[PDB]
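As a starting point, one isolated chain is supplied in structure tokens, in the form deposited in one PDB entry.
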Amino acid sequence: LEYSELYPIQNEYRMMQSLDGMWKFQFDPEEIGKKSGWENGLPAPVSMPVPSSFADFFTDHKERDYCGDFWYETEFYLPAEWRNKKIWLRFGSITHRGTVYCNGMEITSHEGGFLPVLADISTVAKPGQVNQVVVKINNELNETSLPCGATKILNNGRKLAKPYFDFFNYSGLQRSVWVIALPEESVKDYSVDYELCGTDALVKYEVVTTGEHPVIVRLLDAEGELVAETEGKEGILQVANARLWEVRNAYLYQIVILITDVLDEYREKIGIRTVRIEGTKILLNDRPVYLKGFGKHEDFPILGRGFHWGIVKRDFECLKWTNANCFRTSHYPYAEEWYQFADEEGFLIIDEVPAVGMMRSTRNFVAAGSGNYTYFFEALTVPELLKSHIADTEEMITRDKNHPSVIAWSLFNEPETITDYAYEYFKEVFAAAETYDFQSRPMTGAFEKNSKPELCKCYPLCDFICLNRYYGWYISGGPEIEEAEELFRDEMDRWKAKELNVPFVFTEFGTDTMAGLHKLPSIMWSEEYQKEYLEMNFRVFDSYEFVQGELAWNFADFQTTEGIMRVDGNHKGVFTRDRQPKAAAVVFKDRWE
């Protein structure tokens, strides 16, 4: 990379200052901003909270559904003491594409709206004065960046996003923004890997700095006492009587990285843990673990994908209530704070890159069950798609690798995988992913039903196999649910017959469920049917030895593109959007207990 992905901290060597609050905001429908010098300040702005998605604040269609260029602006005072430091703007994310300006100068551009953006403003920053940042953002959708979709142009010239994915195209500055000051020679990146040796543990590490001075690495336990110390950008910390990080029983050490001439110090909490695939088993610290939990979303009323600690608190309290131990970051990397808390709460995370919508369809959720092939990986643009896919894969892994909670990388969700065009594509992604991960932890992806065991060319790439199946909803279901169970067992029997000796994890299954809709006997959208559907699925899961995980879809109701198949978003949630349990929630709780 060309910047540090590390989470900002505050010490004697590093400073940070928040830019969160009310920013200036202006739509640029005619796209004349750059021509008109908006990079020096917006001419007629409104107020916009940062962090948040902008869409749900407004009361008119034009603004909520805005697609194209729009601008942010704010001012901030730089402390005079920040002089002669490397000064960076750190955006938690810019969705989807952006150009950062500071004091009139173009600093950097970024592609991908769910990972941090860093802008080196050292030479242009004015310490001891008020400074200006202006950001030009674009939220269009294409097939050359993630996530994939299309942008429709109406006859008045207004643009409209047409996703190939099933969630609303929220955008803006949805995560916290910092200005930070680093020493001229600094810790840029680090990596840990773990090995268990009886009661001892080895922490293999790697450190990348912006200079050549010696590096000291210390490991402190939860109370701050030194347990290991090494020198070098590569080495091994030896921990006697290591207190291992356990599922729903976390222990966190604090790693301390020092550049000495001290020139720089970085601290971060980590957990000693191993993850391995052996046969059909997923081994955490050598003991088989069964994944229980949900696919989630960064989604909440009014805030959109805007981060807030309160959402995290309620969501984890609910997870623990259902006795879950895992969730997948569908369908994109979350705000860094989610992983930090998962580390402390002892939750497992399948970390997913935004590789969703790689099958050309504007109502993809039902097109996944009919095998109509869209020639997606045969397009003239896929080299661009692959490059940005690998880029997002790199940024995610560099960012999240040192979290103990992250046990696997999901590198796609429901793409076309039945041709060799697809295989050659993902062969590259998997190769790249393994290169970026210091731990080489399990790599997988979520397959849709179209990827028949007889046709799929991509599952051999996976360390374990994640299936999204909706036998009971999109396939048969309702009156035909007994046929759905027969069809479901039939596909699993075919997978079993392959004798792959790899773990299978169901990463999606569910039914849209209206809070309050009761029916006796049950009907598809009712609360009772959600329960009956789950119990049928549970029966199938328990019929196969190599099934080692069940992640239900979804944790909570979330916002989608409006259409004839989405009644105010997606209602396959087990909890409502306001985080209250439907009837089927206790079914998970009793089972997972």
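Just count from 1 along the sequence shown to find any residue number. Between two forms, the rigid core is the largest collection of C-alphas that superpose within 1.5 Å.
Does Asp221 have no coordinates in at least a third of the other PDB entries examined?
Residue status for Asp221: no gap in any other entry.
Decide, for the other PDB entries of this protein that were compared, whether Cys458 is missing from at least a third of their models.
Other entries vs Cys458: none skip it.
Residues of the deposited sequence that sit between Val262 and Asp261 yet are not modelled
Gap size class: 1 to 3 residues without coordinates, per the record.
Between 180-188 and 368-376, name whichever shows the higher mean Cα B factor according to the PDB entry.
In the deposited entry, the stretch with the higher C-alpha B-factor mean is 368-376.
In the PDB entry, which of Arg175, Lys401, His297, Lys126 has its C-alpha at the highest B-factor?
In the PDB entry, the greatest C-alpha B-factor among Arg175, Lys401, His297, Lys126 is found at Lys126.
Whose CA atom has the top B-factor in the entry, of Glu317, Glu73, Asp351, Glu81?
It is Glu81.
For the chain shown, is the CA B-factor of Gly235 in the lowest, middle or highest third of its modelled residues?
For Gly235, the deposited C-alpha B-factor lands in the middle third.
Should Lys387 be placed in the lowest, middle or highest third of its chain by the C-alpha B factor in the entry?
It belongs to the highest third of the chain when residues are ordered by C-alpha B-factor.
Using the B-factor values recorded in the entry, state whether the Cα atom of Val574 falls in the lowest, middle or highest third among the modelled residues of its chain.
It falls in the middle third of the chain.
Can you work out whether the C-alpha temperature factor of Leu1 puts it in the lowest, middle or highest third of the chain?
Top third by C-alpha B-factor.
Would you check the entry's CA temperature factor for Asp542 and let me know if it's in the chain's lowest, middle or highest third?
For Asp542, the deposited C-alpha B-factor lands in the middle third.
Omitted here: the form deposited in another entry. The next part is about that form.
Kindly specify the one residue in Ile107, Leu284, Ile418, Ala391 whose Cα moves by 2 Å or more between this form and the one not shown, with superposition done on the rigid core.
Single residue meeting the criterion: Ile418.
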